[PDB]
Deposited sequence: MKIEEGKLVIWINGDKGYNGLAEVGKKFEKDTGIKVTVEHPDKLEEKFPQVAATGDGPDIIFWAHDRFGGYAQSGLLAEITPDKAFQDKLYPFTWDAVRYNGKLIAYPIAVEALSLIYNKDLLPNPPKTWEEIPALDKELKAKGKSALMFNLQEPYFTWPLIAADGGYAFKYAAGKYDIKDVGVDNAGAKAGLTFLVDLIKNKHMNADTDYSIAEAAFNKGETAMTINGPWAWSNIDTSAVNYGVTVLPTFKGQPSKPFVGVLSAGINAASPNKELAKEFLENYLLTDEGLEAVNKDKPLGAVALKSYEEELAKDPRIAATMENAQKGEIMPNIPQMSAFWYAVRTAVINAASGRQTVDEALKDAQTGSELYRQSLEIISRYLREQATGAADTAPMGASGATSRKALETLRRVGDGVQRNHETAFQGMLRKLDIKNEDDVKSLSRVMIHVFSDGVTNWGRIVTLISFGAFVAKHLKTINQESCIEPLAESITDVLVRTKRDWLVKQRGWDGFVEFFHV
């Protein structure tokens, strides 16, 4: 087993107070003898699922809660079971953020939302609207300054504007069928952003470091950032305020709210130690103070300490932005959603694609898993049972993709029956455990090779062949898991290619009669 027993390794992002966290570790080590190592790897949110899948990684991972449902769905996190008395020390809505499929999958630490950060010496009155920023920038450029710089590389920072006039990720329970990435609100916000770039009020290449340095040196009047940033601003002696984000088309900017949370690796042989550290050392007044003093956490989950911090006007502004925003969903398709929108924003800002092209692709990318599952699940089930699903189907594409797959998929099963049968007789499929062991095979087979529509039809057509078998041996319950497996394999390893082909519209086009 890869993770070492008798110590704690912790991963946390490099913008958080990891020196403070290490101080809490020192205190844990003092009491118990157990060494605590804090690390801050680049791209840790993409690295964790890769390493944890193989049984490796940190004992504890810290991230906003949006990534944790994906982790939990993949079996990477231990269920946490604090008692009533500990649960009652934290705000109920923070626990809701870390609930997935009825189980608690992490400990909530703190509530974070973006705010408008402004230099009070340059801009005694910050703008109320995004619409007035171009004029303010022109005024400021005549004095050697700029109005606003913020990270354009990460969609978390552009999202408040995109969402203002109507963009949304997943509607309201969260409806995974209803995605608002390329609606009219979304387009208007992204367009306003690209116009700021086109008119030289911002630069498409601005990232976290460039924006932070410009603000902290007094060269730009505003930035958009989170509570973590306030420490470095204090160091710089900029006279800053923290306030409400500007409105767009009369409506508030809607930041996605995150709950910084701590999850325990399912492979860790140190779960009792991790729970003891998190509950009795970190999530205490002193523990959170030590972290907070290094980089501010925002509104902490711990009611006792939150009451002390609540008086701070920067925190009050954070909560006001948070109330106008929306708690991020934690569903497993969040990762895909962020990856598509990141790409959309970068390509739109750079002029690689137009706003319409960019957000079209993002909408495709964000809907891809669900749309694929629907198609694949329907085809496997109808093949296995001999009757189609009567529920309505998005709808036109799905219906036509299913019609196409019925032609080409039946061809493949028919002409390749003997290899199919042979490969299904080799494997001793008879229950959910074997199907479990199929993705593995499919992952090494499907990936290793060319990516084209024929190889995709092959995977799905073999899927159907298996489903038929499953039905005859009264293992019908295993079909939907089979469809989820095939779908995951397809959309994880071929996402970029699929988005390039216009998704399933492409599939319909390619095999068109």
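**Q** Where does the structure fail to cover the deposited sequence at the C-alpha level?
**A** Residues missing from the model, as numbered along the full deposited sequence, span 173 to 175, 397 to 398.
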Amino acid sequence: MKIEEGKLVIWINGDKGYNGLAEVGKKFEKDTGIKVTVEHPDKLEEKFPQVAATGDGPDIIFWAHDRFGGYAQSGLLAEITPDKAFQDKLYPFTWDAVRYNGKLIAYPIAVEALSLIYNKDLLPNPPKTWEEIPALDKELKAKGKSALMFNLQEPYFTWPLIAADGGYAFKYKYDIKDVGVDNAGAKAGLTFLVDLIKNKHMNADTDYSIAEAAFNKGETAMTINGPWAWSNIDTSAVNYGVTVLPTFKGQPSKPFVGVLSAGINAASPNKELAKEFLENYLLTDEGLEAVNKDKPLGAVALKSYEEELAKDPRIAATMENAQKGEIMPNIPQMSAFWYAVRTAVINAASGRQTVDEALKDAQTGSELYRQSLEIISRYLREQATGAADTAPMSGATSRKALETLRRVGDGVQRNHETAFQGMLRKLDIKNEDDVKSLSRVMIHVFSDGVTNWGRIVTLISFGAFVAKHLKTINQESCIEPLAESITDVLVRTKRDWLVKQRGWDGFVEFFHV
From here on, numbers count along this sequence of modelled residues.
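Basically, rigid core = biggest C-alpha set you can superpose within 1.5 Å across the two forms.
**Q** Taking the root mean square of C-alpha distances over all structures and residues in 8 other deposited structures of this protein, with a rigid core superposition, name the larger of 152 to 160 and 428 to 436.
**A** Per-stretch check in 8 other deposited structures of this protein: the more divergent one is 428 to 436.
**Q** Say the other structures are aligned on the rigid core; which stretch then has the higher CA RMS in 8 other deposited structures of this protein, 407 to 415 or 332 to 340?
**A** This comes out as 407 to 415, the stretch further from the shown form in 8 other deposited structures of this protein.
**Q** Where the other entries model residues on both sides, is residue 378 skipped in at least a third?
**A** Across the compared entries, residue 378 is modelled every time.
**Q** Taking the other PDB entries of this protein that cover both neighbours, check whether residue 99 lacks coordinates in at least a third of them.
**A** no, residue 99 modelled in all other entries.
**Q** Taking the recorded C-alpha temperature factors, which stretch has the higher mean, 41 to 49 or 58 to 66?
**A** Between 41 to 49 and 58 to 66, it is 41 to 49.
**Q** Mean C-alpha B-factor higher for 412 to 420, or for 427 to 435?
**A** On average, C-alpha B-factors are higher across 427 to 435.
**Q** Whose C-alpha has the highest temperature factor in the PDB entry: 90, 148, 122, 393?
**A** Out of 90, 148, 122, 393, the record gives the largest C-alpha B-factor to 393.
**Q** In terms of CA temperature factor as recorded, identify the highest of 118, 281, 230, 174.
**A** The record points to 174.
**Q** Please place residue 178 in the lowest, middle or highest third of its chain according to the CA B-factor in the PDB entry.
**A** Highest third.
**Q** Using the B-factor values recorded in the entry, state whether the Cα atom of residue 21 falls in the lowest, middle or highest third among the modelled residues of its chain.
**A** Lowest third, going by the recorded CA B-factors of the chain.
**Q** Ranking every modelled residue in this chain by its Cα temperature factor as given in the entry, which third contains residue 317?
**A** Answer is middle: the recorded C-alpha B-factor places it there.
**Q** Would you mind ranking residue 103 by its C-alpha B-factor against the rest of the chain and naming the third, lowest, middle or highest?
**A** Within its chain, residue 103 is a highest-third residue by C-alpha B-factor, going by the deposited values.
**Q** Using the temperature factors of the C-alpha atoms in this entry, rank residue 12 within its chain: lowest, middle or highest third.
**A** According to the entry, residue 12 has a C-alpha B-factor in the chain's lowest third.
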